[PDB]
$ cat run_12.txt   # compact mmCIF, N, CA and C atoms and all ligand atoms
# COMPACT_ATOMS: atom_id res chain seq x y z
N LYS A 1 90.13 103.18 88.65
CA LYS A 1 89.03 102.18 88.69
C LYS A 1 88.68 101.92 90.14
N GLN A 2 87.40 102.00 90.47
CA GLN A 2 86.94 101.71 91.82
C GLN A 2 86.56 100.22 91.78
N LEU A 3 87.27 99.41 92.55
CA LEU A 3 87.02 97.98 92.58
C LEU A 3 86.12 97.60 93.73
N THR A 4 85.63 96.37 93.71
CA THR A 4 84.77 95.88 94.78
C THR A 4 85.56 94.84 95.54
N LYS A 5 85.12 94.55 96.75
CA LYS A 5 85.77 93.55 97.56
C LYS A 5 85.85 92.26 96.75
N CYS A 6 84.73 91.89 96.12
CA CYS A 6 84.65 90.66 95.34
C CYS A 6 85.52 90.56 94.08
N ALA A 7 85.60 91.61 93.26
CA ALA A 7 86.45 91.57 92.06
C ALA A 7 87.92 91.60 92.49
N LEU A 8 88.19 92.38 93.53
CA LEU A 8 89.53 92.50 94.07
C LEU A 8 90.01 91.18 94.66
N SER A 9 89.14 90.47 95.38
CA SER A 9 89.51 89.18 95.95
C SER A 9 89.94 88.22 94.84
N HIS A 10 89.33 88.35 93.67
CA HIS A 10 89.68 87.49 92.54
C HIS A 10 91.04 87.88 91.97
N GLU A 11 91.26 89.19 91.80
CA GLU A 11 92.50 89.72 91.23
C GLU A 11 93.74 89.60 92.12
N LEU A 12 93.52 89.35 93.40
CA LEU A 12 94.61 89.22 94.36
C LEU A 12 94.97 87.76 94.64
N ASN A 13 94.42 86.85 93.84
CA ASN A 13 94.68 85.43 94.02
C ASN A 13 96.16 85.03 94.12
N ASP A 14 97.04 85.71 93.39
CA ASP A 14 98.46 85.37 93.46
C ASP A 14 99.21 86.12 94.55
N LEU A 15 98.55 87.08 95.19
CA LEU A 15 99.23 87.80 96.26
C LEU A 15 98.96 87.13 97.61
N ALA A 16 97.72 86.72 97.81
CA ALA A 16 97.32 86.10 99.07
C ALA A 16 98.27 84.98 99.44
N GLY A 17 98.74 84.98 100.68
CA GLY A 17 99.64 83.92 101.13
C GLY A 17 101.11 84.27 101.11
N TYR A 18 101.49 85.24 100.27
CA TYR A 18 102.89 85.65 100.17
C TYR A 18 103.27 86.32 101.49
N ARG A 19 104.38 85.88 102.08
CA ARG A 19 104.85 86.38 103.37
C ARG A 19 103.76 86.19 104.43
N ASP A 20 102.95 85.15 104.25
CA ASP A 20 101.87 84.79 105.16
C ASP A 20 100.79 85.84 105.40
N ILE A 21 100.60 86.74 104.44
CA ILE A 21 99.55 87.76 104.58
C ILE A 21 98.35 87.19 103.84
N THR A 22 97.28 86.99 104.58
CA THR A 22 96.06 86.40 104.04
C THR A 22 95.23 87.33 103.17
N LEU A 23 94.33 86.73 102.39
CA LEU A 23 93.46 87.48 101.51
C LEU A 23 92.56 88.48 102.29
N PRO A 24 91.88 88.05 103.36
CA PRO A 24 91.04 89.01 104.08
C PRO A 24 91.82 90.17 104.70
N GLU A 25 93.05 89.88 105.11
CA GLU A 25 93.91 90.89 105.68
C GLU A 25 94.24 91.92 104.59
N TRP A 26 94.54 91.45 103.39
CA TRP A 26 94.82 92.36 102.29
C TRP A 26 93.59 93.20 101.92
N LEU A 27 92.42 92.59 101.88
CA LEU A 27 91.22 93.34 101.52
C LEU A 27 90.96 94.42 102.56
N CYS A 28 91.22 94.07 103.82
CA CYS A 28 91.04 95.02 104.90
C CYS A 28 92.05 96.18 104.76
N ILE A 29 93.32 95.85 104.60
CA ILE A 29 94.37 96.86 104.47
C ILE A 29 94.10 97.79 103.28
N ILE A 30 93.87 97.21 102.11
CA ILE A 30 93.62 97.98 100.89
C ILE A 30 92.39 98.89 101.02
N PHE A 31 91.32 98.40 101.64
CA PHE A 31 90.15 99.24 101.79
C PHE A 31 90.52 100.45 102.63
N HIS A 32 91.27 100.21 103.69
CA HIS A 32 91.70 101.29 104.57
C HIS A 32 92.62 102.31 103.91
N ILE A 33 93.56 101.85 103.11
CA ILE A 33 94.49 102.80 102.51
C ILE A 33 94.12 103.39 101.15
N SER A 34 93.21 102.76 100.42
CA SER A 34 92.87 103.28 99.09
C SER A 34 91.38 103.22 98.78
N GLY A 35 90.61 102.60 99.66
CA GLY A 35 89.19 102.47 99.41
C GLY A 35 88.89 101.69 98.14
N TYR A 36 89.82 100.83 97.73
CA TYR A 36 89.69 99.99 96.53
C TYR A 36 89.76 100.76 95.23
N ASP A 37 90.37 101.93 95.28
CA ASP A 37 90.50 102.79 94.11
C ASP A 37 91.92 102.61 93.57
N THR A 38 92.04 102.07 92.36
CA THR A 38 93.35 101.84 91.74
C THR A 38 94.04 103.16 91.47
N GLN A 39 93.27 104.24 91.43
CA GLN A 39 93.84 105.55 91.15
C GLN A 39 94.10 106.42 92.37
N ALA A 40 94.13 105.84 93.57
CA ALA A 40 94.37 106.65 94.76
C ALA A 40 95.79 107.22 94.83
N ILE A 41 95.89 108.49 95.19
CA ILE A 41 97.18 109.15 95.35
C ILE A 41 97.08 109.99 96.63
N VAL A 42 97.99 109.76 97.56
CA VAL A 42 98.01 110.49 98.81
C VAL A 42 99.35 111.17 98.91
N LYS A 43 99.30 112.47 99.15
CA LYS A 43 100.51 113.28 99.27
C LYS A 43 100.92 113.29 100.73
N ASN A 44 102.18 112.98 100.96
CA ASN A 44 102.73 112.94 102.31
C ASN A 44 103.78 114.06 102.40
N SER A 45 104.51 114.11 103.51
CA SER A 45 105.50 115.16 103.71
C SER A 45 106.52 115.31 102.58
N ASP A 46 107.32 114.28 102.36
CA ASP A 46 108.36 114.30 101.34
C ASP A 46 108.20 113.19 100.30
N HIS A 47 106.97 112.99 99.80
CA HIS A 47 106.69 111.96 98.80
C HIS A 47 105.20 111.73 98.62
N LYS A 48 104.86 110.94 97.60
CA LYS A 48 103.48 110.59 97.32
C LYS A 48 103.38 109.07 97.26
N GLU A 49 102.18 108.56 97.53
CA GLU A 49 101.89 107.13 97.51
C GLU A 49 100.88 106.91 96.44
N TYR A 50 101.13 105.89 95.63
CA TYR A 50 100.30 105.62 94.49
C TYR A 50 99.56 104.32 94.41
N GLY A 51 98.37 104.42 93.85
CA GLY A 51 97.53 103.28 93.58
C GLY A 51 96.90 102.53 94.72
N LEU A 52 96.35 101.39 94.34
CA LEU A 52 95.66 100.52 95.25
C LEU A 52 96.51 100.19 96.48
N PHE A 53 97.80 99.97 96.25
CA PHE A 53 98.72 99.60 97.32
C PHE A 53 99.49 100.74 97.94
N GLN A 54 99.22 101.96 97.50
CA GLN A 54 99.88 103.12 98.06
C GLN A 54 101.40 102.96 98.16
N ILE A 55 101.99 102.65 97.01
CA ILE A 55 103.43 102.48 96.86
C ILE A 55 104.06 103.87 96.70
N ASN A 56 105.05 104.19 97.54
CA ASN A 56 105.66 105.51 97.48
C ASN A 56 106.72 105.73 96.41
N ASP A 57 106.90 106.98 96.02
CA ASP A 57 107.88 107.34 95.00
C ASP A 57 109.21 107.81 95.56
N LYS A 58 109.39 107.58 96.85
CA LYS A 58 110.61 107.93 97.54
C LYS A 58 111.57 106.74 97.36
N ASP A 59 111.05 105.55 97.63
CA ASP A 59 111.87 104.36 97.56
C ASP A 59 111.45 103.34 96.53
N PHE A 60 110.16 103.29 96.22
CA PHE A 60 109.68 102.23 95.35
C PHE A 60 109.38 102.45 93.88
N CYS A 61 108.72 103.55 93.53
CA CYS A 61 108.46 103.80 92.12
C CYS A 61 108.95 105.17 91.78
N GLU A 62 109.21 105.39 90.49
CA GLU A 62 109.72 106.66 90.02
C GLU A 62 108.51 107.43 89.48
N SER A 63 108.22 108.57 90.08
CA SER A 63 107.08 109.36 89.65
C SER A 63 107.49 110.32 88.58
N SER A 64 106.52 110.78 87.80
CA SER A 64 106.78 111.74 86.74
C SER A 64 106.77 113.11 87.40
N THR A 65 107.76 113.31 88.27
CA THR A 65 107.94 114.53 89.03
C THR A 65 109.45 114.78 89.14
N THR A 66 109.81 115.68 90.04
CA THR A 66 111.20 116.05 90.29
C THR A 66 111.72 115.30 91.52
N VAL A 67 111.01 114.24 91.93
CA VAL A 67 111.40 113.47 93.10
C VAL A 67 112.45 112.46 92.72
N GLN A 68 113.55 112.45 93.47
CA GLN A 68 114.64 111.51 93.23
C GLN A 68 114.26 110.21 93.93
N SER A 69 113.87 109.21 93.15
CA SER A 69 113.47 107.94 93.73
C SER A 69 114.57 106.88 93.65
N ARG A 70 114.65 106.07 94.69
CA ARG A 70 115.58 104.94 94.76
C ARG A 70 115.01 103.88 93.76
N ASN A 71 113.69 103.93 93.57
CA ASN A 71 112.96 103.11 92.61
C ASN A 71 113.28 101.62 92.70
N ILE A 72 113.11 101.07 93.88
CA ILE A 72 113.38 99.66 94.12
C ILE A 72 112.56 98.73 93.22
N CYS A 73 111.30 99.06 92.98
CA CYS A 73 110.48 98.22 92.11
C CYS A 73 110.82 98.41 90.65
N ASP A 74 111.69 99.39 90.37
CA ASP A 74 112.11 99.69 89.01
C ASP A 74 110.87 99.83 88.15
N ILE A 75 109.98 100.72 88.57
CA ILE A 75 108.73 100.92 87.85
C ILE A 75 108.29 102.36 87.98
N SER A 76 107.74 102.91 86.90
CA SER A 76 107.24 104.27 86.94
C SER A 76 105.92 104.20 87.71
N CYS A 77 105.64 105.20 88.54
CA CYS A 77 104.42 105.19 89.34
C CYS A 77 103.13 105.21 88.55
N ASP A 78 103.15 105.71 87.32
CA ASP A 78 101.92 105.76 86.54
C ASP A 78 101.38 104.37 86.23
N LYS A 79 102.26 103.37 86.21
CA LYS A 79 101.84 101.99 85.97
C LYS A 79 101.10 101.41 87.18
N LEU A 80 101.16 102.12 88.30
CA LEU A 80 100.48 101.71 89.53
C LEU A 80 99.12 102.42 89.65
N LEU A 81 98.72 103.12 88.59
CA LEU A 81 97.45 103.82 88.61
C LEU A 81 96.42 103.24 87.63
N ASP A 82 96.82 102.29 86.80
CA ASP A 82 95.88 101.68 85.86
C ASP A 82 95.13 100.50 86.50
N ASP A 83 94.31 99.81 85.71
CA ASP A 83 93.51 98.69 86.21
C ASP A 83 94.17 97.30 86.12
N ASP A 84 95.43 97.27 85.70
CA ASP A 84 96.17 96.02 85.64
C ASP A 84 97.03 95.98 86.89
N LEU A 85 96.67 95.12 87.83
CA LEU A 85 97.39 95.03 89.08
C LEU A 85 98.60 94.11 88.99
N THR A 86 98.84 93.52 87.82
CA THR A 86 99.97 92.60 87.63
C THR A 86 101.32 93.16 88.10
N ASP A 87 101.71 94.33 87.57
CA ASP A 87 102.97 94.95 87.97
C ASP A 87 102.92 95.48 89.40
N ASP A 88 101.75 95.95 89.83
CA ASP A 88 101.59 96.43 91.20
C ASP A 88 101.95 95.29 92.15
N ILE A 89 101.34 94.13 91.94
CA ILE A 89 101.59 92.97 92.78
C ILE A 89 103.07 92.58 92.74
N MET A 90 103.69 92.71 91.57
CA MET A 90 105.11 92.40 91.44
C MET A 90 105.89 93.28 92.41
N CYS A 91 105.54 94.55 92.45
CA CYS A 91 106.21 95.50 93.33
C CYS A 91 105.86 95.23 94.80
N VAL A 92 104.60 94.88 95.06
CA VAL A 92 104.13 94.61 96.41
C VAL A 92 104.95 93.49 97.00
N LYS A 93 105.19 92.47 96.20
CA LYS A 93 106.00 91.35 96.63
C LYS A 93 107.42 91.82 96.97
N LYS A 94 107.99 92.71 96.16
CA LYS A 94 109.34 93.22 96.45
C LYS A 94 109.33 93.95 97.79
N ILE A 95 108.29 94.73 98.02
CA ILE A 95 108.19 95.48 99.26
C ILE A 95 108.05 94.50 100.42
N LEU A 96 107.25 93.45 100.24
CA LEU A 96 107.08 92.46 101.31
C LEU A 96 108.41 91.79 101.69
N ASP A 97 109.24 91.54 100.69
CA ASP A 97 110.54 90.93 100.92
C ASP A 97 111.50 91.86 101.63
N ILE A 98 111.38 93.15 101.32
CA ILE A 98 112.25 94.15 101.89
C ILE A 98 111.77 94.70 103.24
N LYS A 99 110.59 95.32 103.23
CA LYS A 99 109.98 95.94 104.39
C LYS A 99 108.99 95.06 105.16
N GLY A 100 108.35 94.14 104.45
CA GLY A 100 107.35 93.32 105.11
C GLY A 100 106.02 94.05 105.13
N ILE A 101 104.99 93.40 105.67
CA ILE A 101 103.66 94.00 105.76
C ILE A 101 103.71 95.30 106.57
N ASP A 102 104.78 95.45 107.34
CA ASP A 102 104.99 96.62 108.16
C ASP A 102 104.92 97.91 107.33
N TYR A 103 105.23 97.82 106.04
CA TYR A 103 105.14 98.98 105.13
C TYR A 103 103.72 99.56 105.13
N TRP A 104 102.72 98.69 105.14
CA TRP A 104 101.34 99.12 105.13
C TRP A 104 100.77 99.37 106.52
N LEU A 105 101.04 98.46 107.45
CA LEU A 105 100.49 98.61 108.80
C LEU A 105 101.06 99.80 109.55
N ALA A 106 102.35 100.07 109.36
CA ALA A 106 103.02 101.19 110.01
C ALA A 106 102.79 101.23 111.51
N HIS A 107 102.94 100.08 112.17
CA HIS A 107 102.79 99.98 113.63
C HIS A 107 101.42 100.36 114.15
N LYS A 108 100.40 100.26 113.31
CA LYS A 108 99.03 100.58 113.73
C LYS A 108 98.29 99.27 113.95
N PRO A 109 97.15 99.33 114.65
CA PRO A 109 96.35 98.13 114.93
C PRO A 109 95.27 97.76 113.92
N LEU A 110 95.21 98.45 112.79
CA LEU A 110 94.17 98.15 111.82
C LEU A 110 94.26 96.73 111.26
N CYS A 111 93.10 96.17 110.92
CA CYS A 111 93.02 94.85 110.33
C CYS A 111 93.62 93.73 111.17
N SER A 112 93.34 93.74 112.47
CA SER A 112 93.86 92.71 113.36
C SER A 112 92.76 91.78 113.87
N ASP A 113 91.52 92.27 113.89
CA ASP A 113 90.39 91.49 114.38
C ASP A 113 89.26 91.33 113.37
N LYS A 114 88.45 90.28 113.58
CA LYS A 114 87.30 89.96 112.75
C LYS A 114 87.57 89.99 111.25
N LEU A 115 88.76 89.56 110.87
CA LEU A 115 89.16 89.54 109.48
C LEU A 115 88.27 88.71 108.59
N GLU A 116 87.52 87.75 109.16
CA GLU A 116 86.65 86.93 108.35
C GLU A 116 85.50 87.75 107.75
N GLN A 117 85.30 88.95 108.30
CA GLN A 117 84.28 89.87 107.79
C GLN A 117 84.64 90.34 106.36
N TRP A 118 85.92 90.24 106.00
CA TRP A 118 86.39 90.70 104.71
C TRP A 118 86.33 89.76 103.53
N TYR A 119 85.90 88.53 103.75
CA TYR A 119 85.77 87.60 102.64
C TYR A 119 84.66 88.04 101.69
N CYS A 120 84.80 87.72 100.41
CA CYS A 120 83.79 88.09 99.43
C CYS A 120 82.55 87.25 99.67
N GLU A 121 82.76 85.95 99.83
CA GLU A 121 81.67 85.03 100.11
C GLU A 121 82.38 83.80 100.64
N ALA A 122 83.11 83.15 99.75
CA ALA A 122 83.91 81.99 100.09
C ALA A 122 85.22 82.63 100.51
N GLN A 123 85.96 83.12 99.53
CA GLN A 123 87.23 83.77 99.77
C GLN A 123 87.23 85.04 98.89
CA CA B 1 99.29 98.45 87.16

$ encode --input "run_12.txt" --output "structure tokens"
Amino acid sequence: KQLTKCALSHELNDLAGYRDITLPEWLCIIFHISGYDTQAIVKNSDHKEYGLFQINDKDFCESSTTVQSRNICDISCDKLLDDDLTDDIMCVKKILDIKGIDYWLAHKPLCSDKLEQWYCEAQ
């Protein structure tokens, strides 16, 4: 599902604020890593990243592959590809507690300035 900044801002209402990561920061990060596509999959060196939040199958979700996952979120990766972000957010929170926003930023400067540009209208 290709989401919009506005529908996504509504669906992320329970994520915004967790570990002090704001809503506009999340909209910025997600646009950059998945283009708001719940079905995004990016293949990396020794793993794949799934869904809107690009959760990897090395440590976080178990993919329907031959990859041995630590599966911290205790979730199959296919559940991170549908239009229900409920479980995705559950996992995102686990990652925030473990790795922090650093999991997404990866020491890069993206989404650091003019974040107010990312609001839907109000929030
Ligand atoms: Ca889901």

$ residues_around --input "run_12.txt" --residues "residue A:28" --least-positions-apart "4" --cutoff "9 Å" --atoms "only C-alpha atoms" --output "compact mmCIF listing (two decimals) with N, CA and C atoms, keeping the file's coordinate frame"
# COMPACT_ATOMS: atom_id res chain seq x y z
N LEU A 23 94.33 86.73 102.39
CA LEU A 23 93.46 87.48 101.51
C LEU A 23 92.56 88.48 102.29
N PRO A 24 91.88 88.05 103.36
CA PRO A 24 91.04 89.01 104.08
C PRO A 24 91.82 90.17 104.70
N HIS A 32 91.27 100.21 103.69
CA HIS A 32 91.70 101.29 104.57
C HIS A 32 92.62 102.31 103.91
N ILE A 33 93.56 101.85 103.11
CA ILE A 33 94.49 102.80 102.51
C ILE A 33 94.12 103.39 101.15
N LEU A 110 95.21 98.45 112.79
CA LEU A 110 94.17 98.15 111.82
C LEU A 110 94.26 96.73 111.26
N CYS A 111 93.10 96.17 110.92
CA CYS A 111 93.02 94.85 110.33
C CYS A 111 93.62 93.73 111.17
N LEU A 115 88.76 89.56 110.87
CA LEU A 115 89.16 89.54 109.48
C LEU A 115 88.27 88.71 108.59
N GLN A 117 85.30 88.95 108.30
CA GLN A 117 84.28 89.87 107.79
C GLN A 117 84.64 90.34 106.36
N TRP A 118 85.92 90.24 106.00
CA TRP A 118 86.39 90.70 104.71
C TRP A 118 86.33 89.76 103.53

$ atom_distance --input "run_12.txt" --atom1 "atom C of residue A:97" --atom2 "atom N of residue A:22"
15.3 Å

$ residues_near_ligand --input "run_12.txt" --ligand "ligand CA 1 (chain B)" --cutoff "8 Å" --atoms "only C-alpha atoms and all ligand atoms" --output "CSV table (one decimal) with N, CA and C atoms, keeping the file's coordinate frame"
chain,number,residue,atom,x,y,z
A,78,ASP,N,103.2,105.7,87.3
A,78,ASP,CA,101.9,105.8,86.5
A,78,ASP,C,101.4,104.4,86.2
A,79,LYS,N,102.3,103.4,86.2
A,79,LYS,CA,101.8,102.0,86.0
A,79,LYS,C,101.1,101.4,87.2
A,80,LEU,N,101.2,102.1,88.3
A,80,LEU,CA,100.5,101.7,89.5
A,80,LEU,C,99.1,102.4,89.6
A,81,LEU,N,98.7,103.1,88.6
A,81,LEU,CA,97.4,103.8,88.6
A,81,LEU,C,96.4,103.2,87.6
A,82,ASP,N,96.8,102.3,86.8
A,82,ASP,CA,95.9,101.7,85.9
A,82,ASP,C,95.1,100.5,86.5
A,83,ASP,N,94.3,99.8,85.7
A,83,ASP,CA,93.5,98.7,86.2
A,83,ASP,C,94.2,97.3,86.1
A,84,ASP,N,95.4,97.3,85.7
A,84,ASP,CA,96.2,96.0,85.6
A,84,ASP,C,97.0,96.0,86.9
A,85,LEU,N,96.7,95.1,87.8
A,85,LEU,CA,97.4,95.0,89.1
A,85,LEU,C,98.6,94.1,89.0
A,86,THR,N,98.8,93.5,87.8
A,86,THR,CA,100.0,92.6,87.6
A,86,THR,C,101.3,93.2,88.1
A,87,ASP,N,101.7,94.3,87.6
A,87,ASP,CA,103.0,95.0,88.0
A,87,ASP,C,102.9,95.5,89.4
A,88,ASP,N,101.8,96.0,89.8
A,88,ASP,CA,101.6,96.4,91.2
A,88,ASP,C,102.0,95.3,92.2

$ closest_residue --input "run_12.txt" --among "A:7, A:98, A:55, A:90" --to "residue A:27" --atoms "only C-alpha atoms"
A:7

$ closest_residue --input "run_12.txt" --among "A:54, A:63, A:13, A:45" --to "residue A:104" --atoms "only C-alpha atoms"
A:54

$ atom_distance --input "run_12.txt" --atom1 "atom CA of residue A:77" --atom2 "atom C of residue A:17"
24.2 Å

$ atom_distance --input "run_12.txt" --atom1 "atom C of residue A:114" --atom2 "atom C of residue A:25"
9.6 Å

$ residues_around --input "run_12.txt" --residues "residue A:43" --least-positions-apart "6" --cutoff "12 Å" --atoms "only C-alpha atoms" --output "MDAnalysis selection string"
chainID A and resid 49:51 54:58

$ closest_residue --input "run_12.txt" --among "A:106, A:94, A:71, A:3" --to "residue A:35" --atoms "all atoms listed in the file"
A:3

$ closest_residue --input "run_12.txt" --among "A:73, A:10, A:4, A:26" --to "residue A:59" --atoms "only C-alpha atoms"
A:73

$ build_atoms --input "run_12.txt" --residues "stretch 67-80 of chain A" --atoms "N, CA, C and O atoms" --output "PDB file, in the coordinates of the input"
ATOM      1  N   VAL A  67     111.010 114.240  91.930  1.00  0.00           N
ATOM      2  CA  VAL A  67     111.400 113.470  93.100  1.00  0.00           C
ATOM      3  C   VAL A  67     112.450 112.460  92.720  1.00  0.00           C
ATOM      4  O   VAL A  67     112.313 111.770  91.707  1.00  0.00           O
ATOM      5  N   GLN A  68     113.550 112.450  93.470  1.00  0.00           N
ATOM      6  CA  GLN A  68     114.640 111.510  93.230  1.00  0.00           C
ATOM      7  C   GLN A  68     114.260 110.210  93.930  1.00  0.00           C
ATOM      8  O   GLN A  68     114.307 110.125  95.163  1.00  0.00           O
ATOM      9  N   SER A  69     113.870 109.210  93.150  1.00  0.00           N
ATOM     10  CA  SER A  69     113.470 107.940  93.730  1.00  0.00           C
ATOM     11  C   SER A  69     114.570 106.880  93.650  1.00  0.00           C
ATOM     12  O   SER A  69     115.358 106.837  92.687  1.00  0.00           O
ATOM     13  N   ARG A  70     114.650 106.070  94.690  1.00  0.00           N
ATOM     14  CA  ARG A  70     115.580 104.940  94.760  1.00  0.00           C
ATOM     15  C   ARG A  70     115.010 103.880  93.760  1.00  0.00           C
ATOM     16  O   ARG A  70     115.718 103.031  93.225  1.00  0.00           O
ATOM     17  N   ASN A  71     113.690 103.930  93.570  1.00  0.00           N
ATOM     18  CA  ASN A  71     112.960 103.110  92.610  1.00  0.00           C
ATOM     19  C   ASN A  71     113.280 101.620  92.700  1.00  0.00           C
ATOM     20  O   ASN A  71     113.605 100.966  91.702  1.00  0.00           O
ATOM     21  N   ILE A  72     113.110 101.070  93.880  1.00  0.00           N
ATOM     22  CA  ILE A  72     113.380  99.660  94.120  1.00  0.00           C
ATOM     23  C   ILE A  72     112.560  98.730  93.220  1.00  0.00           C
ATOM     24  O   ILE A  72     113.078  97.743  92.703  1.00  0.00           O
ATOM     25  N   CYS A  73     111.300  99.060  92.980  1.00  0.00           N
ATOM     26  CA  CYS A  73     110.480  98.220  92.110  1.00  0.00           C
ATOM     27  C   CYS A  73     110.820  98.410  90.650  1.00  0.00           C
ATOM     28  O   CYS A  73     110.287  97.724  89.795  1.00  0.00           O
ATOM     29  N   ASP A  74     111.690  99.390  90.370  1.00  0.00           N
ATOM     30  CA  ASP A  74     112.110  99.690  89.010  1.00  0.00           C
ATOM     31  C   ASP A  74     110.870  99.830  88.150  1.00  0.00           C
ATOM     32  O   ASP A  74     110.727  99.173  87.122  1.00  0.00           O
ATOM     33  N   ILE A  75     109.980 100.720  88.570  1.00  0.00           N
ATOM     34  CA  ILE A  75     108.730 100.920  87.850  1.00  0.00           C
ATOM     35  C   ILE A  75     108.290 102.360  87.980  1.00  0.00           C
ATOM     36  O   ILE A  75     108.549 103.006  88.995  1.00  0.00           O
ATOM     37  N   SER A  76     107.740 102.910  86.900  1.00  0.00           N
ATOM     38  CA  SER A  76     107.240 104.270  86.940  1.00  0.00           C
ATOM     39  C   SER A  76     105.920 104.200  87.710  1.00  0.00           C
ATOM     40  O   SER A  76     105.168 103.238  87.553  1.00  0.00           O
ATOM     41  N   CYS A  77     105.640 105.200  88.540  1.00  0.00           N
ATOM     42  CA  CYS A  77     104.420 105.190  89.340  1.00  0.00           C
ATOM     43  C   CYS A  77     103.130 105.210  88.550  1.00  0.00           C
ATOM     44  O   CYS A  77     102.107 104.741  89.046  1.00  0.00           O
ATOM     45  N   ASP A  78     103.150 105.710  87.320  1.00  0.00           N
ATOM     46  CA  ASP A  78     101.920 105.760  86.540  1.00  0.00           C
ATOM     47  C   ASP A  78     101.380 104.370  86.230  1.00  0.00           C
ATOM     48  O   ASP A  78     100.175 104.178  86.052  1.00  0.00           O
ATOM     49  N   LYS A  79     102.260 103.370  86.210  1.00  0.00           N
ATOM     50  CA  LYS A  79     101.840 101.990  85.970  1.00  0.00           C
ATOM     51  C   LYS A  79     101.100 101.410  87.180  1.00  0.00           C
ATOM     52  O   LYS A  79     100.501 100.334  87.098  1.00  0.00           O
ATOM     53  N   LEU A  80     101.160 102.120  88.300  1.00  0.00           N
ATOM     54  CA  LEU A  80     100.480 101.710  89.530  1.00  0.00           C
ATOM     55  C   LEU A  80      99.120 102.420  89.650  1.00  0.00           C
ATOM     56  O   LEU A  80      98.452 102.324  90.661  1.00  0.00           O
TER      57      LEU A  80
END
